[PDB]
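Asker: Got a structure for you, questions after.
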Amino acid sequence: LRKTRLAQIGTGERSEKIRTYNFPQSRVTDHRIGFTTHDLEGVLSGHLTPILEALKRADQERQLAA
RNA sequence: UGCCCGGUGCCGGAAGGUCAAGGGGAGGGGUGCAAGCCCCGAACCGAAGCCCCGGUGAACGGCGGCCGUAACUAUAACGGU
Ligand SMILES: [Mg+2]
Ligand SMILES: [Mg+2]
Ligand SMILES: [Mg+2]
Ligand SMILES: [Mg+2]
Ligand SMILES: [Mg+2]
Ligand SMILES: [Mg+2]
Ligand SMILES: [Mg+2]
Ligand SMILES: [Mg+2]
Ligand SMILES: [Mg+2]
Ligand SMILES: [Mg+2]
Ligand SMILES: [Mg+2]
Ligand SMILES: [Mg+2]
Ligand SMILES: [Mg+2]
Ligand SMILES: [Mg+2]
Ligand SMILES: [Mg+2]
Ligand SMILES: [Mg+2]
């Protein structure tokens with residue numbers, strides 16, 4: 001349970017970031033897939049289904065052998 | 001060579017409370033014609049000891065429980081009771 005958490009949380013530094021929420025520019029970027037939206041008020045309210053599907057896509061595009 | 005004198009010890013305290021023999025004798029009782037003889041007896045006075053108020057540990061001795069809380073987990077300097 002510990003080695004697995006540190007595989008996810010790490011040190012918690014500013015880097016190691018997975019997804020930035022920039023309020024001044026109403027932007028929400030997810031750096032693993034190259035996806036950004038601008039519905040920040042909607043993202044921080046629950047409408048995350050866009051980014052998840054966008055993540056699932058690159059995951060299925062990842063599972064391409066060989 | 002720390003903290004606890006509530007308990008036991010010892011030390012201190014001419015106040016107060018309790019307190020024995022004794023002092024005292026309100027008031028009774030036995031008997032006798034009686035003078036009387038005999039008995040009981042309340043208040044009150046009346047030590048040490050004990051109570052009571054203090055002190056005291058290189059005197060007898062005693063020196064907690066539960067619950068929470070910090071940049072991963074853990075722990076908990078910290079908080080509550
Ligand atoms: Mg000692
Ligand atoms: Mg003591
Ligand atoms: Mg003592
Ligand atoms: Mg004492
Ligand atoms: Mg004394
Ligand atoms: Mg006598
Ligand atoms: Mg007497
Ligand atoms: Mg007498
Ligand atoms: Mg007498
Ligand atoms: Mg007569
Ligand atoms: Mg006395
Ligand atoms: Mg005593
Ligand atoms: Mg005492
Ligand atoms: Mg003791
Ligand atoms: Mg003992
Ligand atoms: Mg923690």
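In the structure tokens, each chain is lettered A, B, ... as it comes, each chain's residues begin at 1, and ligands are numbered from 1 in order of appearance.
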Throw together the list of residues within 12 Å of ligand 3, counting only C-alpha atoms (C1' of nucleotides) and all ligand atoms, and drop it here as a list in words.
Answerer: residues 4, 5, 6, 7, 8, 9, 10, 11, 54, 55, 56, 57, 59, 60 and 61 of chain B
Asker: Set the distance at 12 Å and use only C-alpha atoms (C1' of nucleotides): which residues neighbour residue B:44 once local chain neighbours fewer than 5 positions away are removed? I'd like the list as a list in words.
Answerer: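 Surrounding residues, per the criterion: residues 23, 24, 25 and 26 of chain B.
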Asker: Any idea which chain A residues end up within 12 Å of chain B if we count only C-alpha atoms (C1' of nucleotides), as a list in words please?
Answerer: residues 1, 2, 3, 4, 5, 6, 7, 8, 9, 10, 11, 12 and 13 of chain A
Asker: Do a neighbour search on residue B:68 at 12 Å with only C-alpha atoms (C1' of nucleotides), toss out local chain neighbours closer than 4 positions, and write the hits as a list in words.
Answerer: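 Final neighbour list, sorted by chain and number: residues 76, 78, 79, 80 and 81 of chain B.
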Asker: Can you pull out every residue with an atom within 8 Å of ligand 11? Use only C-alpha atoms (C1' of nucleotides) and all ligand atoms and format it as an NGL selection string.
Answerer: :B and (19 or 47-49)
Asker: Residue B:51: which residues within 12 Å, counting only C-alpha atoms (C1' of nucleotides), same-chain residues fewer than 3 positions away excluded, as a PDB file with N, CA, C and O atoms (P, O5', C5', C4', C3', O3' and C1' of nucleotides), in the first residue's frame?
Answerer:
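Okay, around.pdb is ready:
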```
ATOM      1  P     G B  16     -11.322  25.854  75.615  1.00  0.00           P
ATOM      2  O5'   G B  16     -12.127  25.138  74.437  1.00  0.00           O
ATOM      3  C5'   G B  16     -13.189  25.800  73.765  1.00  0.00           C
ATOM      4  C4'   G B  16     -13.648  25.033  72.549  1.00  0.00           C
ATOM      5  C3'   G B  16     -14.142  23.617  72.797  1.00  0.00           C
ATOM      6  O3'   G B  16     -15.477  23.561  73.248  1.00  0.00           O
ATOM      7  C1'   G B  16     -12.619  23.598  71.003  1.00  0.00           C
ATOM      8  P     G B  17     -15.870  22.482  74.361  1.00  0.00           P
ATOM      9  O5'   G B  17     -15.997  21.140  73.524  1.00  0.00           O
ATOM     10  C5'   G B  17     -16.981  21.015  72.513  1.00  0.00           C
ATOM     11  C4'   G B  17     -16.893  19.673  71.840  1.00  0.00           C
ATOM     12  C3'   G B  17     -16.840  18.475  72.771  1.00  0.00           C
ATOM     13  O3'   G B  17     -18.111  18.063  73.238  1.00  0.00           O
ATOM     14  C1'   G B  17     -15.117  18.295  71.181  1.00  0.00           C
ATOM     15  P     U B  18     -18.256  17.525  74.744  1.00  0.00           P
ATOM     16  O5'   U B  18     -17.587  16.080  74.699  1.00  0.00           O
ATOM     17  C5'   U B  18     -18.132  15.047  73.895  1.00  0.00           C
ATOM     18  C4'   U B  18     -17.232  13.835  73.856  1.00  0.00           C
ATOM     19  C3'   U B  18     -16.852  13.221  75.198  1.00  0.00           C
ATOM     20  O3'   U B  18     -17.857  12.376  75.732  1.00  0.00           O
ATOM     21  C1'   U B  18     -14.924  13.421  73.847  1.00  0.00           C
ATOM     22  P     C B  19     -18.217  12.438  77.298  1.00  0.00           P
ATOM     23  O5'   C B  19     -16.983  11.755  78.023  1.00  0.00           O
ATOM     24  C5'   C B  19     -16.535  10.463  77.653  1.00  0.00           C
ATOM     25  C4'   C B  19     -15.121  10.255  78.119  1.00  0.00           C
ATOM     26  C3'   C B  19     -14.887  10.476  79.604  1.00  0.00           C
ATOM     27  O3'   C B  19     -15.215   9.334  80.379  1.00  0.00           O
ATOM     28  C1'   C B  19     -13.233  11.625  78.352  1.00  0.00           C
TER      29        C B  19
END
```
Asker: Nearest residue to ligand 14 out of B:63, B:39, B:70, B:3, using only C-alpha atoms (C1' of nucleotides) and all ligand atoms?
Answerer: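 Closest to ligand 14, using only C-alpha atoms (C1' of nucleotides) and all ligand atoms: B:63.
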Asker: Could you pull out all residues of chain A with a DSSP call of strand (DSSP E) and give them as a VMD selection string?
Answerer: chain A and resid 19 to 22 27 to 30 35 to 37
Asker: Which distance in Å separates atom CA of residue A:39 and atom CA of residue A:58, to one decimal?
Answerer: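 These two atoms are separated by 20.9 Å.
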Asker: Which residues, written as an mmCIF file with N, CA, C and O atoms, in the first residue's frame, have at least one atom at most 12 Å from residue A:37, with only C-alpha atoms (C1' of nucleotides) counted and residues fewer than 2 positions away on the same chain left out?
Answerer:
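Listing of out.cif after writing:
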```cif
data_model
loop_
_atom_site.group_PDB
_atom_site.id
_atom_site.type_symbol
_atom_site.label_atom_id
_atom_site.label_comp_id
_atom_site.auth_asym_id
_atom_site.auth_seq_id
_atom_site.Cartn_x
_atom_site.Cartn_y
_atom_site.Cartn_z
ATOM 1 N N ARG A 19 -1.735 17.566 -14.150
ATOM 2 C CA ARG A 19 -2.836 18.361 -14.671
ATOM 3 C C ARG A 19 -2.885 19.735 -13.999
ATOM 4 O O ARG A 19 -3.037 19.826 -12.776
ATOM 5 N N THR A 20 -2.758 20.810 -14.776
ATOM 6 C CA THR A 20 -2.701 22.160 -14.225
ATOM 7 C C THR A 20 -4.062 22.840 -14.308
ATOM 8 O O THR A 20 -4.767 22.728 -15.313
ATOM 9 N N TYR A 21 -4.428 23.543 -13.241
ATOM 10 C CA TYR A 21 -5.656 24.333 -13.196
ATOM 11 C C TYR A 21 -5.244 25.797 -13.038
ATOM 12 O O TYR A 21 -4.905 26.236 -11.935
ATOM 13 N N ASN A 22 -5.265 26.557 -14.132
ATOM 14 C CA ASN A 22 -4.819 27.949 -14.122
ATOM 15 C C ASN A 22 -6.046 28.852 -14.157
ATOM 16 O O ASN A 22 -6.669 29.027 -15.205
ATOM 17 N N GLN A 25 -6.291 32.272 -16.482
ATOM 18 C CA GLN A 25 -6.547 32.040 -17.897
ATOM 19 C C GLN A 25 -7.663 31.025 -18.125
ATOM 20 O O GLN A 25 -7.774 30.474 -19.225
ATOM 21 N N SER A 26 -8.498 30.793 -17.105
ATOM 22 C CA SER A 26 -9.542 29.769 -17.085
ATOM 23 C C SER A 26 -9.187 28.557 -17.938
ATOM 24 O O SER A 26 -9.925 28.203 -18.864
ATOM 25 N N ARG A 27 -8.052 27.925 -17.634
ATOM 26 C CA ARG A 27 -7.534 26.795 -18.392
ATOM 27 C C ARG A 27 -7.318 25.603 -17.467
ATOM 28 O O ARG A 27 -6.998 25.762 -16.287
ATOM 29 N N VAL A 28 -7.520 24.403 -18.008
ATOM 30 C CA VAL A 28 -7.277 23.149 -17.300
ATOM 31 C C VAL A 28 -6.591 22.227 -18.295
ATOM 32 O O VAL A 28 -7.232 21.744 -19.234
ATOM 33 N N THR A 29 -5.303 21.985 -18.101
ATOM 34 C CA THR A 29 -4.517 21.164 -19.010
ATOM 35 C C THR A 29 -4.125 19.865 -18.322
ATOM 36 O O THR A 29 -3.868 19.848 -17.118
ATOM 37 N N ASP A 30 -4.091 18.779 -19.093
ATOM 38 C CA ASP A 30 -3.676 17.466 -18.611
ATOM 39 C C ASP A 30 -2.462 17.038 -19.427
ATOM 40 O O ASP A 30 -2.597 16.642 -20.591
ATOM 41 N N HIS A 31 -1.282 17.103 -18.810
ATOM 42 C CA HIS A 31 -0.018 17.070 -19.533
ATOM 43 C C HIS A 31 0.361 15.685 -20.035
ATOM 44 O O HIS A 31 1.343 15.562 -20.773
ATOM 45 N N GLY A 34 -1.823 15.793 -23.728
ATOM 46 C CA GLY A 34 -1.954 16.986 -24.530
ATOM 47 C C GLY A 34 -3.411 17.337 -24.742
ATOM 48 O O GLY A 34 -3.879 17.413 -25.882
ATOM 49 N N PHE A 35 -4.143 17.527 -23.648
ATOM 50 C CA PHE A 35 -5.530 17.965 -23.696
ATOM 51 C C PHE A 35 -5.689 19.172 -22.792
ATOM 52 O O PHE A 35 -5.199 19.166 -21.659
ATOM 53 N N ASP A 39 -13.384 25.149 -19.765
ATOM 54 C CA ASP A 39 -14.576 25.113 -18.920
ATOM 55 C C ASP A 39 -14.205 24.921 -17.451
ATOM 56 O O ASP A 39 -14.776 24.083 -16.754
ATOM 57 N N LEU A 40 -13.238 25.716 -16.976
ATOM 58 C CA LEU A 40 -12.671 25.504 -15.646
ATOM 59 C C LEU A 40 -13.749 25.458 -14.570
ATOM 60 O O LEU A 40 -13.725 24.580 -13.698
ATOM 61 N N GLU A 41 -14.711 26.387 -14.620
ATOM 62 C CA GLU A 41 -15.803 26.376 -13.651
ATOM 63 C C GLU A 41 -16.576 25.069 -13.714
ATOM 64 O O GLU A 41 -17.044 24.561 -12.687
ATOM 65 N N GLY A 42 -16.719 24.506 -14.917
ATOM 66 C CA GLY A 42 -17.383 23.223 -15.053
ATOM 67 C C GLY A 42 -16.511 22.056 -14.661
ATOM 68 O O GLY A 42 -17.014 21.056 -14.137
ATOM 69 N N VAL A 43 -15.202 22.157 -14.902
ATOM 70 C CA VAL A 43 -14.295 21.088 -14.496
ATOM 71 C C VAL A 43 -14.277 20.968 -12.981
ATOM 72 O O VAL A 43 -14.541 19.899 -12.422
ATOM 73 N N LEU A 44 -13.999 22.064 -12.299
ATOM 74 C CA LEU A 44 -14.002 22.108 -10.841
ATOM 75 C C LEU A 44 -15.369 21.895 -10.234
ATOM 76 O O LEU A 44 -15.491 22.012 -9.005
ATOM 77 N N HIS A 47 -17.875 18.163 -14.153
ATOM 78 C CA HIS A 47 -17.943 17.804 -15.566
ATOM 79 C C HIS A 47 -16.540 17.442 -16.058
ATOM 80 O O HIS A 47 -15.912 18.141 -16.855
ATOM 81 N N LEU A 48 -16.050 16.307 -15.548
ATOM 82 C CA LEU A 48 -14.731 15.774 -15.876
ATOM 83 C C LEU A 48 -14.763 14.744 -16.994
ATOM 84 O O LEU A 48 -13.700 14.393 -17.525
ATOM 85 N N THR A 49 -15.946 14.257 -17.352
ATOM 86 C CA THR A 49 -16.131 13.238 -18.376
ATOM 87 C C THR A 49 -15.407 13.574 -19.682
ATOM 88 O O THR A 49 -14.909 12.654 -20.342
ATOM 89 N N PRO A 50 -15.310 14.856 -20.105
ATOM 90 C CA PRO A 50 -14.461 15.163 -21.265
ATOM 91 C C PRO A 50 -13.039 14.639 -21.136
ATOM 92 O O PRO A 50 -12.581 13.859 -21.980
ATOM 93 N N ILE A 51 -12.336 15.056 -20.081
ATOM 94 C CA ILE A 51 -10.916 14.739 -19.963
ATOM 95 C C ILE A 51 -10.708 13.238 -19.793
ATOM 96 O O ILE A 51 -9.763 12.660 -20.345
ATOM 97 N N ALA A 54 -10.939 11.665 -23.115
ATOM 98 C CA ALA A 54 -9.727 12.031 -23.835
ATOM 99 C C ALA A 54 -8.534 11.231 -23.334
ATOM 100 O O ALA A 54 -7.657 10.851 -24.118
#
```
Asker: Could you work out how far atom 1 (Mg, counted along the ligand's line) of ligand 16 lies from atom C1' of residue B:77, giving the answer in Å with one decimal?
Answerer: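 For atom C1' of residue B:77 relative to atom 1 (Mg, counted along the ligand's line) of ligand 16, the distance reads 15.1 Å.
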Asker: Excluding same-chain residues fewer than 5 positions from residue B:40, what lies within 12 Å of it counting only C-alpha atoms (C1' of nucleotides), as a ChimeraX atom specification?
Answerer: /B:25,27-30
Asker: Write out as a list in words each polymer residue (protein, DNA or RNA) that has an atom no more than 12 Å from ligand 10, with only C-alpha atoms (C1' of nucleotides) and all ligand atoms counted.
Answerer: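 Within the 12 Å cut-off, the matching residues are residues 29, 30, 31, 32, 33, 34 and 36 of chain B.
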Asker: Looking only at the backbone, which of the residues in chain A does DSSP tag as alpha helix (DSSP H), as a list in words?
Answerer: residues 2, 3, 4, 5, 40, 41, 42, 43, 49, 50, 51, 52, 53, 54, 55, 56, 57, 58, 59, 60, 61 and 62 of chain A
Asker: Compute the set of protein, DNA and RNA residues whose minimum atom distance to ligand 6 is at most 12 Å, using only C-alpha atoms (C1' of nucleotides) and all ligand atoms, and state it as a list in words.
Answerer: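 Counting only C-alpha atoms (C1' of nucleotides) and all ligand atoms, the residues within 12 Å of ligand 6 come out as residues 20, 21 and 22 of chain B.
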Asker: Which is closest to ligand 8 among B:41, B:12, B:35, B:2, if we use only C-alpha atoms (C1' of nucleotides) and all ligand atoms?
Answerer: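 For ligand 8, the nearest of the given residues is B:41.
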Asker: Just how far from atom CA of residue A:53 is atom CA of residue A:17, in Å to one decimal?
Answerer: 19.6 Å
